[PDB]
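Here's the structure we're looking at; comments come further down.
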Amino acid sequence: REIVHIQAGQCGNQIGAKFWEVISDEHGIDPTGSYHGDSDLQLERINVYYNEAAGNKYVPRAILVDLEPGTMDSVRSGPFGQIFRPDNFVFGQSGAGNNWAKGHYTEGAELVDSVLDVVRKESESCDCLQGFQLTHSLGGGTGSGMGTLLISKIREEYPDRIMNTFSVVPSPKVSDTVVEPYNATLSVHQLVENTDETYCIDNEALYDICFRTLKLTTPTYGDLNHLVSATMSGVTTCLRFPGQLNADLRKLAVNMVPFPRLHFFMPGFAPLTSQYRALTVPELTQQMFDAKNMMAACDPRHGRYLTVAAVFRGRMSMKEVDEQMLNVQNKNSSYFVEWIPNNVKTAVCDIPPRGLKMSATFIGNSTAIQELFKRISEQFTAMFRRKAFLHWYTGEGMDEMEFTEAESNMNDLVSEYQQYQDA
Amino acid sequence: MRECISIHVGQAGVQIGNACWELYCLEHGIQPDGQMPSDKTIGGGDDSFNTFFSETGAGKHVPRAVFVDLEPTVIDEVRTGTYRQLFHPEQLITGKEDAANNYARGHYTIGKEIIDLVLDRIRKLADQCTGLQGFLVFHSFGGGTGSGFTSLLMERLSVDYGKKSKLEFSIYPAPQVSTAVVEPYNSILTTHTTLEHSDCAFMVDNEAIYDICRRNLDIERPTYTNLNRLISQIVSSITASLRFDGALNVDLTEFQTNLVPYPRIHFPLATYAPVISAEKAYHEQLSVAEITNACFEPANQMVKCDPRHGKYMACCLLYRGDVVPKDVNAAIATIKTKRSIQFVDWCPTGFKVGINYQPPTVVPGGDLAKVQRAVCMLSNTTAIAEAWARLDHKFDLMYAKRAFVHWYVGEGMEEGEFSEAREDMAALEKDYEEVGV
Amino acid sequence: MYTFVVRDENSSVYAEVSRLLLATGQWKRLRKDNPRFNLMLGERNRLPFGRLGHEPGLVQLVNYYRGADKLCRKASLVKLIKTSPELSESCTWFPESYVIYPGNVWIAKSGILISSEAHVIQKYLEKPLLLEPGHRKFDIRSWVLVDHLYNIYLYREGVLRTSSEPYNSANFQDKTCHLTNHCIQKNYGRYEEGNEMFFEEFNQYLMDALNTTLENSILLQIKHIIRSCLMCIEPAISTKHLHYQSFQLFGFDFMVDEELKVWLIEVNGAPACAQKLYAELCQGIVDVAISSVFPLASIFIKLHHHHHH
Amino acid sequence: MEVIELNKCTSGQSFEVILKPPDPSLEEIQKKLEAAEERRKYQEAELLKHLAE
Ligand SMILES: Nc1nc2c(ncn2[C@@H]2O[C@H](COP(=O)(O)OP(=O)(O)OP(=O)(O)O)[C@@H](O)[C@H]2O)c(=O)[nH]1
Ligand SMILES: Nc1ncnc2c1ncn2[C@@H]1O[C@H](COP(=O)(O)OP(=O)(O)CP(=O)(O)O)[C@@H](O)[C@H]1O
Ligand SMILES: Nc1nc2c(ncn2[C@@H]2O[C@H](COP(=O)(O)OP(=O)(O)O)[C@@H](O)[C@H]2O)c(=O)[nH]1
Ligand SMILES: [Ca+2]
Ligand SMILES: [Ca+2]
Ligand SMILES: [Cl-]
Ligand SMILES: [Mg+2]
Ligand SMILES: [Mg+2]
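Chains as they are written, first to last, in my numbering: chain U, 398 to 820; chain F, 464 to 900; chain Z, 28 to 336; chain A, 4 to 56.
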């Protein structure tokens with residue numbers, strides 16, 4: 398039943414806010430928290446993401462966290478900013494300076510308890526909490542360092558609940574500082590141990606989509622976040638609307654994660670937008686499996702699919718959907734591991750997203766995701782072999798050994814993905 | 464008269480249960496409020512339909528049934544639906560959190576905390592019976608609750624009611640409507656743990672029903688509602704002998720006697736004809752010979768497999784509607800000269816035949832056309848082991864890599880239970896081979 | 028693309044079928060345990076027929092008829108002939124034969140013994156047709172393809188597998204003149220290449236020596252026997268209305284006696300082909316058995332007869 | 004083709020046609036379930052120890 402949502406740091410709170418805008422519109426919830434929709438399907442699983450307050454008000458089960466106020470002042474002024482519970486805004490003043498150690502060990506530690514108080518108050522009133530979703534980046538300090546601290550503390554207090562992240566992976570193409578690969582390697586180490594499912598949202602891929610496909614010569618954070626929000630709407634459709642398949646976080650984990658560490662998913666979306674032509678079922682299906690539609694910059698032809706979830710939204714022929722899903726599997730059979738039979742599952746939901754008649758969302762557990770980790774690993778090493786920029790971290794009490802261990806664990810994750818690809 | 468208690472476990476078991484009880488009400492003239500104007504004994508009786516329904520002093524006819532699920536949403540539809548007045552609230556049991564497609568979570572983790580409540584509620588039904596025969600248990604192989612909770616329950620029912628027969632109606636997994644990759648695991652784990660506790664199990668392969676719905680009912684993409692209305696007709700054909708006057712399969716014990724001479728080999732194949740679409744505006748009605756001959760076609764079986772390449776240990780033909788023995792015997796004589804019907808050497812070559820004169824009832828606004836005669840064949844054929852082979856192969860492919868095993872181990876099951884279960888299935892496939900080939 | 032899997036590495040016939048399909052452009056070979064195939068070229072032993080036809084969205088075809096072994100083992104064939112009323116104990120074209128568990132000349136087989144004293148024990152045909160020059164025994168191999176619709180196609184080229192030794196009534200110990208197998212012969216090759224005489228030559232011989240044709244004297248009887256055998260097991264093996272479909276290539280072996288009466292000896296369920304006829308027959312298999320089910324973007328006589336009575 | 008055991012009633016008939024002659028105890032269940040629960044407890048304590056580190 399209930400999911401608790403947490404958004405941390407600049408990136409986490411920006412994508413987080415858009416997520417709540419997009420799903421509040423799909424469920425007919427306006428910025429005051431009033432329902433003004435046309436269909437009982439909108440309210441039937443509303444409690445998964447929204448609490449009900451007095452006056453038939455729907456309030457997101459959402460906690461907003463940062464070490465600086467700036468992005469959270471912007472959240473509060475944003476279009477849906479009034480819908481959040483005021484007590485669920487938990488902010489420090491210090492900032493974290495793009496420094497994972499500040500987020501995880503010094504500044505974040507000072508604030509983490511007050512975040513947990515709010516987590517506990519939301520959790521306490523859940524009829525049957527399924528677990529948590531966190532939105533954050535891995536390249537900064539607060540979402541990366543403080544976010545992974547939160548995950549660890551949440552696990553200690555709710556060890557039998559599911560932990561899910563939407564984790565934005567850094568790229569030099571859309572880069573704020575040189576230390577991003579350090580912060581991401583340190584964070585991946587945490588995610589490998591302490592999440593059950595992680596959607597790898599790669600800024601490399603979002604940028605390439607905006608540039609190559611959508612023809613945006615200069616992509617902003619807003620253009621990248623349009624892709625992120627459509628993806629997030631798509632991958633949570635099964636949690637939010639009535640349906641058979643992957644209807645809660647645990648069942649999704651059980652279908653998607655054959656070995657506990659290999660829980661890093663490559664999302665995709667079709668059609669790609671920033672337009673009037675009807676998209677056919679064959680076209681959605683080909684495009685949702687296309688490298689160019691993937692939100693992690695990994696070539697899926699360089700690996701194999703362990704498991705896949707496909708979600709189609711809109712009024713369309715279920716027969717045609719089944720036939721096309723079967724067609725892609727039959728013609729591309731070598732890219733689906735033979736030792737997990739029937740490893741592709743398909744859901745269809747009648748309610749389309751805003752501004753589209755038809756859409757498809759793709760969630761892949763592919764061994765090609767190793768490309769993402771290798772790219773981060775190479776950027777990490779190029780610096781770390783000269784100990785460049787380390788004083789930012791050792792000044793917060795960290796040793797070099799902790800960097801060596803994180804790098805080694807992420808190289809092990811890469812070797813494991815490679816083992817199942819060769820099996 | 465001797466009572467039968469129906470137990471419906473998990474989503475599949477519950478939704479099939481809804482379809483079955485709806486159909487039983489229509490067959491017996493019981494209204495959705497439970498009143499039965501044709502029953503002239505108010506507040507009791509030992510009629511044949513009382514095997515499945517008790518009676519209150521106010522004239523309400525109450526299914527002898529328990530519905531159990533580990534999450535509430537499917538059972539809540541029964542509580543709020545058309546037949547809600549039919550059931551006492553204590554017959555409808557739900558938890559808050561499901562088994563997440565994991566046998567171990569149904570059997571060990573959640574099953575340990577609801578099992579005493581479920582047995583208590585079953586006991587309440589048993590205490591109202593004057594001669595309880597036993598239980599009919601409806602569940603999926605593939606779901607966490609249908610697999611794991613059912614096996615726990617069956618074990619406990621052998622302990623608490625050791626003299627009593629237990630029959631199953633079991634839904635075998637098909638990828639066209641399946642909701643989990645680990646269904647082969649759950650199927651083998653439940654089949655292993657349940658095998659000694661079940662006297663007779665009717666397997667329904669969702670693939671076969673699905674295809675019958677597409678081919679014969681012209682349904683483009685069958686839903687559970689389509690599948691379950693057809694399944695409920697087959698179930699009704701099988702249980703009709705417990706609910707109406709007759710001299711064949713009149714008690715649970717007789718199902719085993721007539722269909723299961725070898726106790727582990729207790730999976731009869733059901734084949735049903737005719738299935739004809741209600742939208743079909745010109746239907747030429749099918750004769751006894753045609754419907755009987757259709758019983759030997761794989762396309763009409765509840766499990767796709769080829770009985771020509773196994774051996775029969777028993778065959779029962781259950782007719783409904785305008786059918787007399789003379790036409791049955793002439794149809795059978797024709798079929799013997801045309802088909803590969805080979806019995807094992809230690810059983811006689813023969814058919815037990817039951818005829819009920821009332822044609823099949825259908826649910827108004829359903830997919831099935833009303834027909835003047837129908838038949839369900841129940842054959843214990845070794846060919847059904849083809850289904851075990853398919854499932855066992857899928858299990859082996861995943862288990863060789865230990866794919867998904869950590870989900871089961873994290874629920875406190877030992878890895879050893881996997882290979883113990885698999886070896887019991889290897890011995891089962893072997894038994895079927897030794898009898899059949 | 029259509030897709031296929033290869034599961035018998037030693038089939039000469041199906042290595043060539045495989046190579047033909049690939050060179051079409053429109054077939055892809057998959058690893059042998061990938062279940063997402065249109066076509067199984069199966070193993071000979073314990074082919075998993077129970078796993079076929081359970082793949083949503085693939086029409087699935089296999090190159091063996093399940094149950095055809097009844098026709099294609101010596102003990103099985105004798106029993107099927109004696110016990111099937113359409114063939115019967117008094118069947119005229121099969122030698123008197125007896126199943127035995129552990130002019131009076133008999134042969135024991137299932138590694139072969141020929142004697143007049145004392146597995147199947149079968150009446151040994153004492154008066155074979157003998158080719159001149161050389162006074163020599165032979166057997167006729169016919170290849171027959173049964174498609175998914177149960178059409179029965181007789182490849183128009185057969186082969187005579189000859190002896191190259193004179194035939195000898197008073198020595199059944201010496202087997203090079205009594206047994207016409209290709210291996211048992213390898214005076215080998217003397218009369219013809221590899222102890223194989225083909226239909227154009229044998230027909231010429233029947234014309235010049237015996238004033239008749241191959242069609243009239245032998246092939247009418249061959250066609251009758253093949254059709255009777257295969258129509259007999261049809262209810263047992265047909266895949267019409269089944270959830271997967273089958274085809275199969277059979278090798279029927281015949282003996283011709285000196286009165287030009289044809290007798291059935293053997294049905295082979297996994298035959299090889301004469302070198303010279305691989306290309307043509309294997310192309311025929313693709314056309315008739317495979318492309319018929321899986322169409323892309325006659326060397327056979329179809330055997331059919333509906334006499335009214 | 005012998006027809007035996009013909010029984011007729013107003014609602015139908017039955018017969019037979021022959022073409023040719025020829026557990027664990029309560030205690031054990033409880034032990035298994037508590038052992039599974041102990042294994043889950045043990046894994047949970049190991050996790051919390053690692054988290055305390
Ligand atoms: N025929 C039929 N099959 C069903 C139905 N519902 C689910 N299934 C099948 O049952 C299997 C899934 O098991 P469910 O019964 O839904 O699971 P459950 O017993 O509720 O277990 P959890 O939800 O894991 O606790 C799949 O093979 C489904 O296709 C139904 O109403 N009819
Ligand atoms: N009843 C009989 N009368 C005369 N010759 C016979 C015979 N039975 C067998 N033979 C001879 O023995 C030879 C080989 O016998 P058989 O047919 O049993 O071997 P085989 O199984 O190897 C044929 P294949 O290799 O085509 O399967 C035949 O080609 C034939 O010449
Ligand atoms: N996709 C996306 N990425 C962002 C956004 N804001 C920052 N980033 C990325 O997030 C990383 C920086 O972390 P940020 O979240 O600003 O730091 P924090 O506040 O300390 O967590 C870099 O990799 C940026 O490219 C955003 O709105 N969208
Ligand atoms: Ca401070
Ligand atoms: Ca009464
Ligand atoms: Cl008892
Ligand atoms: Mg920033
Ligand atoms: Mg369920």
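For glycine and all other residues, C-beta sits at the position ideal for the given N, C-alpha and C.
### Query
Which bits of chain U does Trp870 of chain F rub up against, with CB to CB less than 7 Å?
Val651
### Task
Could you tell me the distance, in whole angstroms, from the CA atom of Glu113 of chain Z to the CA atom of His251 of chain Z?
Straight-line Cα distance between these residues: approximately 13 Å.
### Query
Relative to chain A, which residues along the region 549 to 575 of chain U have a C-beta separation below 9 Å, given in chain order?
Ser549, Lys550, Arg552, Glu553, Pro556, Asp557
### Message
Which residues in chain F have a C-beta closer than 7 Å to the C-beta of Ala48 of chain A? List them in chain order.
### Response
Simply none; closest approach about 13 Å.
### Query
How many Å lie between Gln404 of chain U and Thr539 of chain U at the Cα?
10 Å
### Task
Take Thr845 of chain F and list the residues in its own chain whose beta-carbon comes closer than 7 Å to its own, dropping the five residues that flank it on each side.
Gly773, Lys774, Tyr895, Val898, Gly899
### Message
Can you tell me where the alpha helix (DSSP H) holding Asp809 of chain U begins and where it ends?
### Response
797 to 819
### Task
Determine which residues of the region 790 to 811 of chain F have a Cβ less than 7 Å from any Cβ of chain A, and write them out in chain order.
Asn792, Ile795, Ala796, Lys799, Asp808, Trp809, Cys810, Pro811
### Task
Taking C-beta pairs closer than 7 Å, name the residues in chain U that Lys864 of chain F reaches, listed in chain order.
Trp736, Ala820
### Beta-carbon gap between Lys742 of chain U and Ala706 of chain U smaller than 8 Å
yes
### Task
May I ask you to list the residues that DSSP assigns as paired with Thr562 of chain U?
U:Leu531, U:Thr595
### Message
Can you list, in chain order, the residues of its chain with a C-beta nearer than 8 Å to that of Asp539 of chain F? Leave out the 5 residues immediately preceding and following it.
### Response
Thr557
### Query
Is the beta carbon of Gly611 of chain F sitting closer than 8 Å to the one on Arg568 of chain F?
yes
### Query
Nearest chain F C-beta to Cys746 of chain U closer than 8 Å, yes or no?
no
### Query
Counting only beta-carbon atoms, is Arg56 of chain Z nearer than 8 Å to chain U?
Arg56 of chain Z does not count as touching chain U.
#### Entry: N-terminal and C-terminal residue of the beta strand (DSSP E) that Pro526 of chain F is part of
524 to 526
#### Entry: Counted within 10 angstroms of its Cβ, other Cβ atoms place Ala297 of chain Z as buried (16 or more) or exposed
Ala297 of chain Z should be labelled buried.
### Query
In whole angstroms, what is the alpha-carbon distance linking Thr688 of chain F and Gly480 of chain F?
Going from the Cα of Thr688 of chain F to the Cα of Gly480 of chain F covers about 12 Å.
### Task
Report buried or exposed for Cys778 of chain F, applying the criterion of at least 16 other Cβ atoms within 10 angstroms of its Cβ.
buried
### Query
Is the region 673 to 686 of chain F touching the region 737 to 755 of chain F, taking contact as three or more C-beta pairs under 8 Å?
Contact between the region 673 to 686 of chain F and the region 737 to 755 of chain F is present, because at least three Cβ pairs lie under 8 Å.
### Message
Counting only beta-carbon separations shorter than 8 Å, does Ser714 of chain U have a partner in chain Z?
### Response
no
### Query
Roughly how far, in whole angstroms, is the beta-carbon of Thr613 of chain F from the beta-carbon of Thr657 of chain F, given that I think they are within contact range, below 8 Å?
7 Å
### Short CB-CB distance (under 8 Å) between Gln641 of chain U and chain F
yes
#### Entry: 8 Å Cβ cut-off: residues of chain F touching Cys525 of chain U
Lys559, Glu560
### Message
Considering only their Cβ atoms, is the gap separating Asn222 of chain Z from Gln212 of chain Z smaller than 8 Å?
### Response
yes
### Query
Are the C-beta of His333 of chain Z and some C-beta of chain F separated by less than 8 Å?
no
### Message
Given 7 Å as the limit, tell me if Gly492 of chain F has its C-beta closer than that to any heavy atom belonging to ligand 5.
### Response
no
### Query
Beta-carbon separation of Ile760 of chain U and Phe662 of chain U under 8 Å?
Result yes, Cβ atoms of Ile760 of chain U and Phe662 of chain U sit closer than 8 Å.
#### Entry: Partner residues on chain F for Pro262 of chain Z, Cβ-Cβ distance less than 9 Å
Ordered by position in chain F, the residues that pass the 9 Å Cβ test against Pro262 of chain Z are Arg771, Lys801, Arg802, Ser803.
### Message
Suppose the cutoff is 8 Å on Cβ atoms and the five residues either side in sequence are ignored; what does the same chain contact list for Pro476 of chain U look like?
### Response
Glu418, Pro428
### Neighbourhood of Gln474 of chain F by C-beta, 8 Å cutoff - its chain only, sequence neighbours within 5 removed
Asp532, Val537, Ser603, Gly606, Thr608, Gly609
### Task
Could you tell me which chain A residues have their CB closer than 7 Å to the CB of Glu659 of chain F, listed as they occur along the chain?
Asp26
### Query
Is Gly597 of chain F near ligand 6, going by C-beta to nearest heavy atom under 7 Å?
Every heavy atom of ligand 6 is 7 Å or more from the Cβ of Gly597 of chain F, so no.
### Task
Please work out which residues of its chain come closer than 6 Å, Cβ to Cβ, to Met653 of chain U, disregarding the five sequence neighbours upstream and downstream, and give them in chain order.
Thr704, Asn762
### Query
What residue does the beta strand (DSSP E) around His53 of chain A start on, and which one ends it?
Per DSSP, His53 of chain A lies in no beta strand (DSSP E) segment; the continuous alpha helix (DSSP H) that holds it begins and ends at 29 to 55.
#### Entry: Contact under 8 Å by Cβ, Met666 of chain F with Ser628 of chain F
no
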